[PDB]
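Novice: Structural data only, the sequence is not supplied:
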């Protein structure tokens, strides 16, 4: 346990989660920032041949290569799959001062990974958001990603609202449960990094990308009061939108990863073809 | 593990003590409290410090700060140990499992319960350094309301922040904090967040405090040397104006009861107490 981490866990159980969030935000503000960390890139699965697929891990407390373990395995046939980990969630890593800093750090690692070979990017939620931004930056540098896949990416409108609180609370339930089960440590380090990084993405809209995009939408929502505005401007810039069985999280967990990978893999094969 | 404790220390070195205390205050609000009449109450620890087993009792109330405990008073008690029975009373929430008192009333009555049981019908007096002087004053008021008769209260450099405060307050708090933290680093101190949250919680209960309604005589001991240049006179003004006697003594806010000046401070306090018990 962490001292403030235990208070955060306790707050959830007592209906004081709003105050606990404010604390993690204040801590995130105090944390060291850079802008000089080099984001981790990890090979997933065994494939040694074919185009490279880079899975950008989400900027949330559970982040790490393992979030994509099932998904990578399903996609491992005839391609080289890697997970790219945003800095600040593990070890002694500083947080990126700005979204531009984050995106540049990650683009530099991808550039070095792929050189001039064919590649594509994919990401779940905030990972999809960040994948799209990294793609844009690589296109500015003259690279040509073959596609970007975003899995249920959303962007919060305005400054807040009650639907937002309920949705974030539902996300938080699953994040914390994963870490409890995963055995995950450094709870304050992980939550402060999440709070910092998600704030960088507030009001994000896809501004233009030459590579084709695929948006995968889970058939099942998390809560009743989800606002269409959260996805509307995102969807509008997507080249293709596909509904898939599962919810925000199970879409890439045991029960639905197979159909998700089928849709993603088929699209990626077309994209490279 | 204690990430925010680590952030607190970092923030000191980068001049963000104010933001860090704001974080600790928020956490303090989340911490479990005691005070509900039906729920379980934390019992404040009392500790004999004297070798002396004879004479009137002297109850030293430990300050509600991150370094709190009987050792802050070891030297003072050793100087005062002849002819009186010295004890140290430690406010709850700083160590172990302990919950924080819900309100100042809860704190004062928890402490007064312990003093009550300790002194029975014997002669006694209270003293405290800084916030411990403030709390000793309130505990004395409470005991007087319960029919007991403390022979006196000694406050050493007690002050009160009034209003929201500005740059002077931050500068004074930073100087205090520097000494608190150094002591903790020297005593191998652990559990930073537990100690600091409790400090920030308790010192907030004392914001805007002024003394009124005590019948026992009071002595205020004022260190001759300030901690910083920008010290506002309003911090002590109202406290002082209610003191029976005010005595200046060599030393600063802390060194007043440290090895350098503890002998001269005890002579002043000791002489007053004996005068008071007669």
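Specialist: Sure thing, it's come through. Residues are numbered from 1 along each chain as shown, chains lettered A, B, ... in the order given.

Novice: show me where chain A has strands.
Specialist: Ranges of strands within chain A are A:33-34, A:40-44, A:52-56, A:80-85, A:95-96, A:119-124, A:148-151, A:213-218, A:240-244, based on DSSP state E.

Novice: out of those strands, nearest to residue A:113?
Specialist: strand A:40-44 (5.9 Å; Cβ to Cβ). C-beta coordinates here come from the backbone N, C-alpha and C atoms, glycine included.

Novice: Show me what the closest one is packed up against.
Specialist: helix A:69-75, strand A:80-85, helix A:99-114 (3 or more Cβ pairs under 8 Å, 6 or more residues apart in numbering or on different chains; DSSP states H and E).

Novice: if we can go back for a sec, quick one: the strands of chain A as CSV, columns for mean neighbour count too.
Specialist: Converted to CSV, these look like this (neighbours: other Cβ atoms under 10 Å in any protein chain shown):
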stretch, mean neighbour count
strand A:33-34, 16
strand A:40-44, 17
strand A:52-56, 26
strand A:80-85, 23
strand A:95-96, 24
strand A:119-124, 27
strand A:148-151, 28
strand A:213-218, 22
strand A:240-244, 15
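
Novice: Could you say which of the helices and strands packed on strand A:40-44 is packed most deeply?
Specialist: strand A:80-85 (a mean of 23; mean count of other Cβ atoms under 10 Å in any protein chain shown).

Novice: Listing partners with orientation, what would you give for it?
Specialist: strand A:40-44 (antiparallel), strand A:52-56 (parallel) (DSSP bridges).

Novice: Hey, what's the angle from the first one to helix A:99-114? Just curious.
Specialist: Regarding strand A:40-44 and helix A:99-114, their directions subtend 40 degrees when assessed with axes from the mean of the first three to the mean of the last three Cα atoms, to 10 degrees.

Novice: Can you name the residues that contact residue A:81?
Specialist: A:43-45, A:47, A:52-53, A:55, A:72, A:75 (Cβ atoms under 8 Å, 6 or more residues apart in numbering or on different chains).

Novice: Any idea what it is bridged to?
Specialist: Assigned bridge partners for residue A:81, using DSSP bridges, are residue A:44, residue A:53.

Novice: which residues are in contact with stretch A:30-41?
Specialist: A:54, A:65, A:82-88, A:90, A:93-98, A:100-101, A:105-106, A:108-110, A:113, A:192-193, A:196, B:7, B:10-11, B:16, B:19-20, B:23.

Novice: Now residue A:89: closest residue in space that isn't a chain neighbour?
Specialist: Leaving aside its sequence neighbours, residue A:89 sits nearest to residue A:193 (Cβ to Cβ, 6 or more residues apart in numbering or on different chains; 4.4 Å).

Novice: ugh, typo on my part, it should be residue A:96
Specialist: residue A:102 is the one closest to residue A:96 (Cβ to Cβ, 6+ apart), at 3.8 Å.

Novice: which ones are touching that neighbour?
Specialist: Residue A:102 neighbours (Cβ under 8 Å, 6+ apart): A:86-87, A:96, A:130, A:197, A:200.

Novice: Now do the contacts for residue A:147.
Specialist: A:120-121, A:211-214, A:267-268, A:271-272.

Novice: Then residue A:58?
Specialist: A:67, A:123-127, A:130.

Novice: Next, it: phi, psi?
Specialist: Backbone torsions of residue A:58, given as degrees, to the nearest 10, read phi -70, psi 160.

Novice: and the residue nearest to it when sequence neighbours are not counted, how many neighbours?
Specialist: Nearest non-adjacent residue to residue A:58, counting by Cβ to Cβ, 6+ apart: residue A:127, 3.8 Å away. Neighbour count of residue A:127, defined by other Cβ atoms under 10 Å in any protein chain shown: 26.
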